Every structure is written in structure tokens, then in C-alpha cells.
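J.: The structure is given below, and queries will be raised subsequently.
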2 protein chains.
Amino acid sequence: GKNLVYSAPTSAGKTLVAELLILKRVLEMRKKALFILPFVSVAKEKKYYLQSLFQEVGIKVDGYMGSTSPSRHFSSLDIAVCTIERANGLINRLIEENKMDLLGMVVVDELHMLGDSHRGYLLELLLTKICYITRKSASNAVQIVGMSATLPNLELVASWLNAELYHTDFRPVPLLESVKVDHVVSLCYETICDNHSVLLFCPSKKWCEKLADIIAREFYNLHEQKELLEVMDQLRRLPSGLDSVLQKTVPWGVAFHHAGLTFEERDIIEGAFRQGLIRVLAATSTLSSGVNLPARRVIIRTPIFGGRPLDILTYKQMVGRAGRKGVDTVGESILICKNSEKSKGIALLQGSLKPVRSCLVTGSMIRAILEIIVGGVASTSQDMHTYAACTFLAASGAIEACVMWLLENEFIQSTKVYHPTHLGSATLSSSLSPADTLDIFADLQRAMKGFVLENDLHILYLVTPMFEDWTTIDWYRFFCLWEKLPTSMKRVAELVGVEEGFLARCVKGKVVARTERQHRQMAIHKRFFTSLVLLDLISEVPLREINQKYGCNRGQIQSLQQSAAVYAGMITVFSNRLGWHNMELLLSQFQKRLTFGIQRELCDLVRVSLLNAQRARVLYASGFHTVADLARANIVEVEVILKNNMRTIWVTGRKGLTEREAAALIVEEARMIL
Amino acid sequence: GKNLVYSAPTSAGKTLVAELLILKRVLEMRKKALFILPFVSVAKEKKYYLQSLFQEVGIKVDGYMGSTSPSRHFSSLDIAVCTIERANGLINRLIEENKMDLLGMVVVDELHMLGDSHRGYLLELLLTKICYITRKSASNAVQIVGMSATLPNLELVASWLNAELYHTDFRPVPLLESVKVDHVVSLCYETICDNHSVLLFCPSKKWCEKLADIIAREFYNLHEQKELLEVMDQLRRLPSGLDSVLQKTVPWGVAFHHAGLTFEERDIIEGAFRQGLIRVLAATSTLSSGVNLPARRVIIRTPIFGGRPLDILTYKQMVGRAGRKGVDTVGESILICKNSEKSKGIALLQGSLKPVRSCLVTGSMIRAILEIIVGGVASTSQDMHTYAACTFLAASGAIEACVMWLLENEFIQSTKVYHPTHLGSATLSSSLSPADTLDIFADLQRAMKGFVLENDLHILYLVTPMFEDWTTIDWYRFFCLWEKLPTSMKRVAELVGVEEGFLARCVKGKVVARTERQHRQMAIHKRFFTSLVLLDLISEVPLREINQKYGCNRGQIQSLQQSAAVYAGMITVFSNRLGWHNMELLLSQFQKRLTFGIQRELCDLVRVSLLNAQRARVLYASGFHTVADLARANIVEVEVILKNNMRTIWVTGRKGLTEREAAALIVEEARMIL
Ligand SMILES: COc1cnc(C(F)F)cc1-c1cc(C#CC2(O)CCOCC2)ccc1C(=O)Nc1nnc(C#CC2CC2)s1
Ligand SMILES: COc1cnc(C(F)F)cc1-c1cc(C#CC2(O)CCOCC2)ccc1C(=O)Nc1nnc(C#CC2CC2)s1
């Protein structure tokens, strides 16, 4: 229980050590384990893997990722496979409730993210709080396990965490590198003739689509069918339908995988590839940091990705997916270069990843100071410097500046001793960034004076996140929709701040330059467009209909859905902690409605993990209006309802599931819910 | 008519050459002649002097200064004694109306203000426009005469204006500067016994008052009466009454003069000092650049003014007031010093004033570009660079940045010819700075959607200027007034943006730190406090009642009065040019009501220059409700009304006026108006 930080090339079973450590710790100390994964997809994959592995030892495994959360109290859980942001929230809530002693270990995967990143600082703060609380109260308190690629300063991280060090560059499939100067037809032909699949990464999404189409054309012209047809049918029965280009590419074992698709389509392509059924997949940069998806031959189209040299970490994690342990002898990754790109290619071939930074006036420091002060762990400035000493920045004078920033904005109160008033406690328990909480407070307080209850648009405007640019807003379409809007929605539009003059400016004049800080007025109209999209989402309209009506593809629609669900949950917690009972009551339902994009009727019927938003409606239309009603039904009835030995329906973390047994698991899990 | 730029010490008849030049030009060419003065008080004094000097030659003199404007069309005028800002506005209007050829000369006094100052850049833009128009369209077009103290780069100014150069250090009363460091009573006794006046310059208002108090006390302990009693009675019957400290200081030949007093009290004190009735006058830095008030001996309290060494220009214009031409032989300017202040004093005794800068992304450059483009004198970048060359900055590449700034904010439209749209023409005509015109547009547009006509407060909030901090707001009193406000005024308070939360924050907690640009919300509450003060002003409540109710002294109240009058006129012109007829109609009355602080009924009755706000009320309450009704009245009637050979009433630019002939002039001017 002396902590641990180790690194090893992926595909070497590096998570094996972590799984055994979780087993030993949870079985001996009977304490909790937090498994922190960087992204939601890998988080779900790991959650299902842990569930499958450990279901036989009477141990629960349920994770806090995305907009979801375990259906059971955290007390019953034994392993929590959460994400970085939600793991930080978990740590903050545990500190607030004075139950840190319940925690037995915090396993962290992909520790290299702790450096330069928009979410690495959350990991740094989480680990810093663990170290601080462990040092203040005492050698079996809380173990930390870390995983990553070859880190130049891995020993520095181990010293920071007071953990052992273990780094070995061993992989069952050695990776060979000998540059030999598109000329891809013969290469792909000789790769396929060897009975091997191909994974090729492209810089753009349209470029990936086009390359998949071209490769399908090559294979169709020049040169199992049952499983391919099964995958085709699986793709067909989806809310968003089947892509035309995907339609003409899939039958030839060639397809594409980009952020434009929906999560279900991406899952279908990934699962098809893992079986070898897809012989060519044109992916993008996102898949590099996605689920474990090995391929004998990996292809990288160009060192230039998005108008800049491809990152060394991205290249390393792309090449790490070259070779299969147990069936391959040697994998291969090829980076096609050019005369001008030869220098970039040779530069990327050599050199390890850059050193890990700290990313700590800065919003991260204000966040950390708030966390410690309102967590009741660093109240007096005497001990608050020990926390700064515990940070990775120290291990590798802004505290006074940030502390003042919190008192100026009434986040904390001074008495020598600092305390939170109500926005410090509402900000920390809400897991909202203190910088944006001022705007959130101002907007919510304004809404409660003049709220519009005719429709859900005013509630949607308050749970609409604009922390990132999900899509390039089309302003002519937006103006047309504004013209077509009813009066009920226009009332809320005027209330929030949307002006017809600004839309008139944008429809014809170029995007107004937001040079001045006071031009958050641009963010208001983007937020209103997003809120209209969200209203269409929760009105249960098809993804394609929204895509044509607003210009946002289905992938961006789903990403906005997840962001709005998480933001609605966060705002609900904020309002609950601020004592805004009517606001909390209005916002409580919306988290699930955004999560699933369903109407108020289906909220109870989506508590079954096996019931989608489309499957909730067909079961709801048939006459099942509640989980209890589902619990009382024959398998054959739901089977025929769904139909109106070969696998068609798709669900996350699935198995050899067919329509026959799919209905059986709906009632079985419905019974368990009761 | 070859322009001219000359410098000479004040108190040497340095304006005689200028008066001669205006006389000759106006009589020969029969063309107008502006006379730009820096401040409103000196502008009024010069206007009255020119009126007296040229009334016998059929030359009409009436200036555009402060919140006032001539009652007759500019066409009838022969000399316009305007201020820097209003002279710039006059030239802009002349350019807009394509009647620039009416101008025969532009005499500029105190040209040293061209350098470091918040109003010098207006002078630079004015002179640059004169030069550009003269050169683009030609020997005797528009003469420019200049004046200043000893200027290190006077020849540079002459070269910029392409004018002559004359610099002379000659004064009839050669000044004898002498710094020296018990005997104070003896020095005061020997100075006063010489039958000469003394002018002290103290840094603080309170210290000036207290020093005058101690000097009066010492004169009393060590101890014409009729004329001093006349001055005392003149001070007595003023709207602000008589100051107790001034009451006990005046009758000993001692008095004080600061911005705290009212314009009428300052005028009375200055007149009494000029006649010799006041022997000792403790003034402040403001009087240094004010009216021509010579003194035999000037004394400077300490070079430390406002926590910093006294300015060199300020010190020079202080010593310039030492010596009377015609009755005195020599002048003395003593600067008492201490051990620590000896170095600063010695530094101030030696050395001339610093060179004149230009003060030209900068708002001044945006203003200049807007003026030229909207005026139709530089529509293409080819010639606009010529205007840049004409500037004093050139004579001693930001245009592209400024032109984009105007296109970004829709001040001008590109076609490559440039034009104004509506806000470019409305911004130039109103003489509003383009930086603040965006906020003004946003606020006025928002008001027209939800205007409150119950009271005059919502109109006042839109004509309240917050370009400077006229007073330090006492937030406890403001909160008390807030909780005591009616509902009609609270409606407008909530409409504009005033929140009880911010007022509560300020009432107990320290003044909130406005570290962020989004915190113009502090300016809203200061503006509302100022608008309440203005509402009490135009409601015709006494100055003392406002001072007790709000904490702002009478001098600050009058300064805010003038600022609000000018801003109301500017906003009225802005609304007129933008085509806002109802807003212009509502704002049209308020300029005069704010100029005089009267009610709607007295607005017509104050058209007589010889009628204060108090003199309009006593005549109105009697039954004279119109200027025409005044024209039909006997002198004895108005005299008895005023009562209910002694010069007891004060009026600007007065003469041996008592209540007997004061009534006579009221009816005489009433007839002239008709
Ligand atoms: C109150 O906070 C949430 C509420 N609800 C949801 C859910 F509904 F989605 C998610 C959150 C959340 C969102 C982000 C985030 C984020 C972004 O990256 C993306 C969205 O926009 C802002 C930035 C980070 C942390 C949290 C969070 O606190 N998680 C937890 N939940 N239970 C917990 C417990 C417990 C007791 C056992 C001890 S800890
Ligand atoms: C439209 O502008 C005004 C309207 N009305 C008043 C009056 F009612 F007060 C004053 C102004 C004004 C204010 C400032 C100013 C200023 C500050 O320093 C102080 C206040 O806040 C902003 C900064 C500067 C210029 C002007 C102005 O244009 N003057 C003129 N009037 N007729 C003119 C003519 C003509 C035809 C013969 C050719 S030119």
C-alpha cells in the first residue's frame, strides 16, 4: 500500500497490474477503488471489462462518467470507474462529507494527460488532494496507481506521489521501423493478401470519408459475408439510419470512423473491426486516444494534421496500435511523407514525448484554492501553503492573489481563517468552475424574476453549455428559424437577450469581431441557437431532421446532448446548494431528458439500461408506461413488439445478443430494478 | 492673412494684438471669427469684454460655451467666443453644412493646452481641420492666431500651422521670484500694511478654508467697511445662502476661493478682490488657470499638490498673477519651503515648462478619422494620409487600425470610398466621442422599448454624464434614499439596471473592486445616484437640501448641473440625427431645465438673460408667466417684487447694478426678446 507509478507501452497488458492491485486492495481492506479514465468511451469499456472480470467475486462495479451516474448509492459500490472531471467531483464530495476514509485506492490510467491539457489539471488537483489528506492523517491509507507511456520525468511524478517507479519498454509484438521511400494500392493489396486488417488515420473527417470511399472502389474493382451482412443490418436499425457512403463502403470490409458519426455507429464500426470483419478502417485523430483497437498495419496519411505537425504523443499512441498480442509476430506502422514533409517525418520518428507540465490568477489555481478552503482541509493560510507544496507544480506566490480573487467575488469569507459563504459551497458542490459561476449566478438569478413556463426553452437556455464551440452556427438558417419562431419562444428569446438586430447583422455581415470582453452578447445568440437545438432534441425529433433544420450533423448533436446533460446536472446541484428550490425542481427532470433526448413520459421507462430513446417509445406506445409494467410481461410479447437468432439490436457492452434474448434481458433487468 | 503664432507672458496686454486682428479681419472681410478659450469662466469673461469693446461698431459677439448657446443664428454672429469642445463642434457643423467659407479667422488663446490634456486633442483636431480645408481649397481664406506662455517648441507649432513666430519675455511689472526658508505674523502685518492684496495658493480645499480662517482670526485679534458690507449682502441673497466660515472671514478683508463654492460665490469673491475690497484671497489650483486676477504678492503653500510636486505649467501661471499693470511697480511670488521640500522648490524655481505632446487605437484618432470621413473631406485612404500629415503629430499607420474600428462598429461603410451610415452622421453631429456613442446607442435604444413617463427620472438617467467622478458617493445615504424611494422611481431604477444586492454590498462591504471590464454595473449605480441628484436639482430644491440629502457640496452640484446640461443637448442632437423623434421631443426640454435647474413653467421665463432660477420663481409666483408678460409691466412693479441704491443682486458680467435698474433691464431685455 505504498503507492505506485508505472509506465509501459500499451498492448503489453499494462492494466493487468492495476486490476490485480484493485483485487488485492478491495479484498483485503474492503475499501473503495476509483478507476479514473480520460474519456467516456474508454471509461465505459473499462467499466464493462471490470464488471465481466469481477462479477464472480460478488463485487459491484459502477462508474460516474459522461452524463450518467450509478443507480445505487456510492456506499454499495466497490469500484467506481469514473472520468477525470467526475472523479474530481467525487473527491470533492467525499471531502465535503468527511468520508475520505472510505476510499482505498485511486487507480489513474493515462497519467501523461496530467501535463498540458484542458483536463489534466483536474487530475493534478485530485491527486494533490489525495496526497494532502493522506499526509495530514495517517501505511495503508490510500494507494495511487498510475499508468502512461514512456515519460521523461516519470521518476519526478513518482517522487511527487511518494510512489515506487517501474518503466519498461516491452511489448509481445516488436515494432519495426526502417523508412523505405501516395503509392498505397500495392501496399494495401499485399497487406490484405496476408489476411490482415488495416487501420489508417486521416487529418480531416471529409478526407477520411473520401479515402474510405476510394479504397472501397479499389477493392470492388480490382478484387465473411454473413457477418458483414449482420453488421450492415445492425447499422440499418438505428435512429439516424445508415450513411450512404458507409452503405457503399461497408459490404467490402472497408469503412470510416469520425466524430461526425453517432456513438452507436462508431461502436458498431469498432466492434466490427475488433473481430477482423472490417479489413480497412479510415479513422481520425480522436480514435488514437480511444478504445483499445489493434491492427496489424497502421497507416498515417501525413505529419500535418489540422495545419500543424502531428503531435508526438498522438503519433506514439497511434503506432502503439500496430500489432496483436497472441496472433501476430510483428506489427507495422507506416507514415507516408513527402519532400517537404521528410524533415517533419524524421523529426517525429525520433524523440520521446515532451515533459509533463503542471498547468497551475489561473482558473486552475482559483479552483484548487476553492476546493481546499470549502473542503475544510486548508482554512488558515498557515497550512494552505503546505497544499501548494504538495502540488505537482511545487514538486517540479499565486495563492495570495487567488485567495483575494475569491474574497473580492464573495466566494469565501475571512475571520486568519477563511470560510465559504454560500457561493463557495454551491460552486464547489456543483463542480462548476469559479470563473463561470459568477455568470451562472447572474443568469439564474435574473431568470427567477421573469421565468417563462409556457415551454421548456427558458429552462433549456439556462442548462445550455457554451464552454466550447460544438458547431459553426449557420446564421441564415438561424434567421429563417427566428422568423418562423412562435411567440412563446420569442418571448424567452427577448428575455434572455437575443436581439433581432444582431441576427440581421450576422445573416449578411461577416461574423462580428468579438474583440471586447463586453461582447459576450455574441455568446447569447449562439446559446439561443443551441437551446433551440436542445429543445428539438428533447421534443424527440430525429437526428437527421435536426441536422437538416440547423446544419449540425448527428455527431455534434449527440456531443451537445451529452454536454447539456452534464451541465443541467451541475446547474441542478448548484441551485440545490444555493437554496433555489423552484429552480432545482424545474431543472431536476432535464438531466435525464437531455441524456436520452426523450419526453417527460419516457423518463421512467428509460431507467432500464436496455431501453434506448427509440425503444422506450415503441414499448411506451404498445402500452408499457413504467418499469414495473415492463417487469410483468412475457418474453415472447416484448420479442414480437421489438421485431415490429441473428443479432440486429445494438447495446453498449453487449455479447452474442439477438432479438430473442434481448427482450429476455429487458424484463430480467426490469425485475432487478424493482 | 498669413496666420500667426505668438507667445508672451500674461499680465502684459498680450491679447491686444489678437483683438486688433479680429477687429481688422471682421471689418474688412466681413467674415466670422472664432475665439477659442480653454475654460468656460475665462470664455464668458472674454465674451463680455469683446461685447463691451465692439458694441459701438455694430459687431455682434455671442459665444458657444458651457451649456449655453447664442439665442440668434450663427449667421447673424460676427465673433463667436467658444470653448475648445464647442469650437470643435462648430467647425464640424460648418464642414457638415458646407459653409466653412463663412469663417475668416480662428483665434486660439492658451495654445499650450495643445499638449498634455484631455481637451487639447480637440484643439489639435480643430486646427488640423482648418489647415486641411484651407490647403485643399485656397491667401486670405482663414487666419489662425495663437497665444501661450513660454513654449519650448513654439517654432514647431508655427511651422505646423505655417504661421509667423513672435516670442518675447516682457512684462510691465518685472516679476521677482524669491524662495525663502516665527516672523509669520510680522510678515503678514508688513505685507498688508503696504496697502496691497495677497493671493495664496493652497493644495487642499479644506486647508484653503482653514488657512483663510486663521488669517481672518489673526487680523481680528490684531485689530472700506461700506463696500465690504455691500459684498457681504451680495453674498447673503444667493440660492446657497452664505457660508459661515466665509461669513466670519469676509468682513476682515480675507476670503477663500475653491471649487467647493458656487459659480456666483466665486464670481463675487473674484470681483471683490479685483476692486481691492478683499485684501487676502486663499485660492486653489483651479484659479491659477482661471480669470485674470492680478495680485501684488502671490504665495504658494507647498509644491506638494495632491500628493505630488506642483506642475511646472501650473506654477508658471500662478506666478504670472504677481504684479498689477498700471498701479504696481514690482511683483513678488513667494514659495515657502521646508527641509525636505527645499529640493522640490528649487527644482520648480528653475526650468521652463515641458514640451507640448500631441496625445495622438487611441480614441482621439478614432474621433479625427470619423470627423474627416463623415464631414466628407477625406473619403479615400489616398487623401486621409494627407490629413495625417497635416496633424501636429506628423509635424512633430494607426489610421488603418482606426478605420477598421469604425467599420467594425458600423460607424462608416466601405465601397475604395468611405461613407457614414447613420451612427457616423449622428455621432459627429452630436459631438459625442465614438467610443461612448456605442453605449449611448445601446442605452437609448433599450429605453425606447420600455420608457417610464411617470416621472422625469428615466429621462434624467439617459442625460446623466458619467465621464468623470464629480463626487465620492456616500453609499449608506444612497441606500437609505433607495429604501425611501417611491415605487415610480424604483420602476425606472430596476429598468436601468440598479440592483438592491449591489447597493447592499456597497453599504457595508468596502467599495467593490472593479477589476473586470464587465463591471460597468458599478457605473450604473453611480449614474442612478447622479440622476437622483439631477432630479432634485430640476425639481428646484435648494442646493443646501441636496447637499444634506446626498452629501455633494454646492460646487459639485453646479458642476454636475453644467455637465448634465451639455450632455442633454448632445444626446438631443444625437437622437434628432438618428431619427428618434419621441426621444428627441422628451429630451429637448431638459437641456434648459438642467442649465438653470428650473421647472417646466419657468423655462420660457428664463429666456431673459437677467433672470436666475430664483428670480424667475419670484416673478413667476407673482404672475409674470411669460417673457411677453414681462415686456408689459412697469419698472416699479418689478422693483417692488424683487425687493420682497444698494447693489444687492449679482448677475454675470454685471455693472453698478442694484434692484432699482435691475428691474429696468429685465423689462428692457424682455422687450428686446420680443
Ligand atoms: C455536481 O456535479 C455533477 C452533477 N451531475 C452530473 C451528471 F448529471 F452529469 C455531473 C456532475 C459533474 C460534472 C463535471 C464536469 C464537466 C465538464 O468537463 C463538462 C460539462 O460542463 C462543464 C465541464 C465534473 C464533476 C461533476 C460531479 O460532481 N460528479 C459527481 N457526481 N456524484 C458525485 C458523488 C458523490 C458521493 C460519493 C461521495 S461526484
Ligand atoms: C451637439 O453638441 C452640443 C449640443 N448642445 C450643446 C449645449 F446645449 F450644451 C453642446 C454641444 C457640444 C458639446 C461638446 C462637449 C463636451 C464635453 O467636454 C462635456 C460634456 O460631455 C461630453 C464632453 C462639444 C461640442 C458641442 C457642440 O456641438 N456645440 C455646437 N453647438 N452649435 C454648433 C453649431 C453650428 C452652426 C454654425 C455652424 S456647434
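Residues are referred to by chain and number: the chain letter is A, B, ... according to the order shown in the C-alpha cells, the number counts from 1 in that chain, and ligands are numbered separately from 1 in the order shown.
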How would you report the residues lying within 7 Å of ligand 2, as a list in words, if you count only C-alpha atoms and all ligand atoms?
T.: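 Listing the residues within 7 Å of ligand 2 gives residues 64, 66, 67, 68, 69, 74, 85, 86, 87, 88, 89, 90, 91, 93, 94, 429, 430, 431, 432, 465, 563, 565, 566, 567, 568, 569, 570, 573 and 591 of chain B.
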J.: Show me, as a list in words, the residues that have an atom within 12 Å of residue 643 of chain B when counting only C-alpha atoms, minus same-chain residues fewer than 2 positions from it.
T.: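 Within the cut-off, the hits are residues 237, 615, 618, 619, 636, 637, 638, 639, 640, 641, 645, 646, 647, 648, 649, 658, 659, 660, 662 and 663 of chain B.
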J.: Rounded to one decimal, what separation in Å do you get between atom CA of residue 631 of chain B and atom CA of residue 540 of chain B?
T.: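 These atoms are spaced 25.0 Å apart.
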J.: Nearest to chain B among A:435, A:541, A:535, A:611, with distances taken over only C-alpha atoms: which residue is it?
T.: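 Among A:435, A:541, A:535, A:611, it is A:435 that comes nearest to chain B.
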J.: Using every Cα, in order, as the fitting set, what is the least-squares RMSD of chain A against chain B?
T.: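 Once chain A is fitted onto chain B, the C-alpha RMSD works out to 0.6 Å.
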J.: Please, which residues of segment 345-399 of chain A, numbered as in this document, come out alpha helix (DSSP H) from DSSP, as a PyMOL selection string?
T.: chain A and resi 345-349+363-374+381-390+392-395+398-399
J.: Identify, on the basis of only C-alpha atoms, every residue whose closest approach to segment 21-37 of chain A does not exceed 6 Å; exclude the query and any residue fewer than 2 positions from it along the same chain; express the result as an mmCIF file with C-alpha atoms, in the first residue's frame.
T.:
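Ended up saving to selection30.cif:
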data_model
loop_
_atom_site.group_PDB
_atom_site.id
_atom_site.type_symbol
_atom_site.label_atom_id
_atom_site.label_comp_id
_atom_site.auth_asym_id
_atom_site.auth_seq_id
_atom_site.Cartn_x
_atom_site.Cartn_y
_atom_site.Cartn_z
ATOM 1 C CA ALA A 18 -3.780 -2.356 -11.881
ATOM 2 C CA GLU A 19 -6.531 -4.990 -11.945
ATOM 3 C CA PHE A 39 -12.563 9.769 -21.908
ATOM 4 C CA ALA A 43 -14.397 4.647 -19.279
ATOM 5 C CA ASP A 78 -16.675 -1.354 -4.544
ATOM 6 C CA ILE A 79 -15.056 0.034 -7.713
ATOM 7 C CA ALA A 80 -16.072 3.338 -9.311
ATOM 8 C CA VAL A 81 -14.842 3.699 -12.903
ATOM 9 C CA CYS A 82 -15.218 7.465 -13.271
ATOM 10 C CA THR A 83 -13.791 10.132 -15.564
ATOM 11 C CA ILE A 84 -11.292 12.833 -14.621
ATOM 12 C CA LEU A 102 -13.989 5.015 2.669
ATOM 13 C CA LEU A 103 -11.529 5.287 -0.223
ATOM 14 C CA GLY A 104 -8.977 2.506 -0.533
ATOM 15 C CA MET A 105 -7.232 3.269 -3.808
ATOM 16 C CA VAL A 106 -7.272 5.686 -6.745
ATOM 17 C CA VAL A 107 -6.009 3.978 -9.901
ATOM 18 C CA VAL A 108 -5.307 6.505 -12.665
ATOM 19 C CA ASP A 109 -4.922 5.498 -16.311
#
J.: Could you list, as a PyMOL selection string, the residues of chain B having an atom within 8 Å of chain A when counting only C-alpha atoms?
T.: chain B and resi 408+512-513+517-518
J.: Would you pick out the contacts of segment 479-487 of chain B at 10 Å or less, using only C-alpha atoms, so that residues sharing its chain but fewer than 4 positions from it are not included, and give the list as a compact mmCIF listing (two decimals) with C-alpha atoms, in the first residue's frame?
T.:
# COMPACT_ATOMS: atom_id res chain seq x y z
CA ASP B 474 -21.75 58.00 0.32
CA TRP B 475 -23.31 54.57 -0.06
CA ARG B 491 -39.50 51.05 -11.50
CA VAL B 492 -37.00 53.08 -13.53
CA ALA B 493 -34.25 52.02 -11.13
CA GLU B 500 -30.56 46.14 -4.32
CA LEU B 503 -26.34 48.58 -3.03
CA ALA B 504 -26.30 46.24 -0.02
CA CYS B 506 -21.62 48.72 -1.02
CA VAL B 507 -23.48 49.83 2.11
CA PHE B 529 -27.34 58.35 -7.77
CA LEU B 532 -31.48 61.32 -8.43
CA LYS B 549 -29.71 64.71 1.34
CA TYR B 550 -26.87 63.46 -0.90
J.: So that I can see what lies close to residue 189 of chain A, please list as a list in words the residues with an atom at most 12 Å from it, counting only C-alpha atoms and leaving out residues fewer than 4 positions away in the same chain.
T.: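 Using only C-alpha atoms, the neighbours found are residues 183, 184, 185, 193, 194, 195, 196, 197, 198, 215, 218, 219, 222, 223, 279, 280 and 297 of chain A.
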J.: Residue 528 of chain B: which residues within 10 Å, counting only C-alpha atoms, same-chain residues fewer than 5 positions away excluded, as a ChimeraX atom specification?
T.: /B:457-458,460-462,464,478,492-493,496-498,523,533-534
J.: Mind checking DSSP for segment 300-453 of chain B and telling me the strand (DSSP E or B) residues as JSON, numbers by chain?
T.: {"B": [300, 304, 309, 322, 325, 328, 331, 332, 333, 334, 335, 380, 412, 413, 414, 417, 418, 419, 420]}
J.: Once you have the residues from the selection above, write them out as a compact mmCIF listing (two decimals), in the first residue's frame, restricted to N, CA, C and O atoms.
T.:
# COMPACT_ATOMS: atom_id res chain seq x y z
N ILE B 300 2.68 80.60 -2.38
CA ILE B 300 2.36 79.20 -2.67
C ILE B 300 2.59 78.40 -1.39
O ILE B 300 3.68 78.44 -0.82
N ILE B 304 3.96 70.44 -2.96
CA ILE B 304 3.22 69.18 -2.94
C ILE B 304 1.74 69.50 -3.12
O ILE B 304 1.09 70.03 -2.22
N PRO B 309 4.64 66.69 -6.66
CA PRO B 309 5.19 68.03 -6.89
C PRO B 309 4.26 68.86 -7.77
O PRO B 309 3.63 68.36 -8.70
N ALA B 322 1.35 87.75 -10.43
CA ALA B 322 2.05 88.59 -9.45
C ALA B 322 2.46 89.89 -10.15
O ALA B 322 3.42 89.91 -10.93
N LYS B 325 -0.50 95.89 -13.52
CA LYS B 325 -0.02 96.80 -14.55
C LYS B 325 -0.82 98.10 -14.47
O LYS B 325 -2.03 98.10 -14.73
N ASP B 328 0.95 99.10 -9.78
CA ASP B 328 2.03 98.50 -9.02
C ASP B 328 3.33 98.56 -9.81
O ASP B 328 3.32 98.59 -11.04
N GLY B 331 6.43 92.88 -8.68
CA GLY B 331 5.64 91.76 -8.20
C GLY B 331 6.52 90.73 -7.52
O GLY B 331 7.68 90.54 -7.87
N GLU B 332 5.93 90.06 -6.53
CA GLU B 332 6.62 89.04 -5.76
C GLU B 332 5.80 87.76 -5.73
O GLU B 332 4.57 87.78 -5.62
N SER B 333 6.51 86.63 -5.84
CA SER B 333 5.89 85.30 -5.79
C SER B 333 6.72 84.44 -4.85
O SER B 333 7.76 83.91 -5.24
N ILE B 334 6.26 84.30 -3.61
CA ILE B 334 6.97 83.56 -2.58
C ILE B 334 6.48 82.11 -2.60
O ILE B 334 5.29 81.84 -2.75
N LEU B 335 7.43 81.18 -2.46
CA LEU B 335 7.16 79.75 -2.39
C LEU B 335 7.83 79.25 -1.12
O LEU B 335 9.03 78.96 -1.12
N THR B 380 -11.32 58.78 -49.05
CA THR B 380 -10.44 57.75 -49.58
C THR B 380 -9.13 57.75 -48.81
O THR B 380 -8.66 58.79 -48.36
N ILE B 412 -18.85 53.72 -40.23
CA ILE B 412 -18.73 54.06 -41.64
C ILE B 412 -18.93 52.81 -42.48
O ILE B 412 -18.85 51.68 -41.98
N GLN B 413 -19.21 53.01 -43.76
CA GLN B 413 -19.40 51.94 -44.72
C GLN B 413 -18.40 52.09 -45.86
O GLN B 413 -18.18 53.20 -46.35
N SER B 414 -17.81 50.97 -46.27
CA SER B 414 -16.84 50.97 -47.35
C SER B 414 -17.52 50.67 -48.68
O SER B 414 -18.53 49.97 -48.74
N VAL B 417 -14.06 53.92 -51.47
CA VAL B 417 -14.57 55.15 -50.88
C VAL B 417 -15.29 54.81 -49.59
O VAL B 417 -15.96 53.78 -49.48
N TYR B 418 -15.16 55.69 -48.60
CA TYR B 418 -15.78 55.51 -47.29
C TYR B 418 -16.92 56.50 -47.09
O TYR B 418 -16.88 57.62 -47.61
N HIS B 419 -17.93 56.08 -46.34
CA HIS B 419 -19.11 56.89 -46.09
C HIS B 419 -19.64 56.57 -44.71
O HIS B 419 -19.35 55.50 -44.16
N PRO B 420 -20.41 57.47 -44.11
CA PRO B 420 -21.11 57.16 -42.85
C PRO B 420 -22.49 56.58 -43.11
O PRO B 420 -23.13 56.86 -44.13
J.: So, with only C-alpha atoms as the atoms that count, which of B:367, B:354, B:274, B:490 lies closest to residue 316 of chain B?
T.: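 With only C-alpha atoms as the atom set, the closest residue is B:354.
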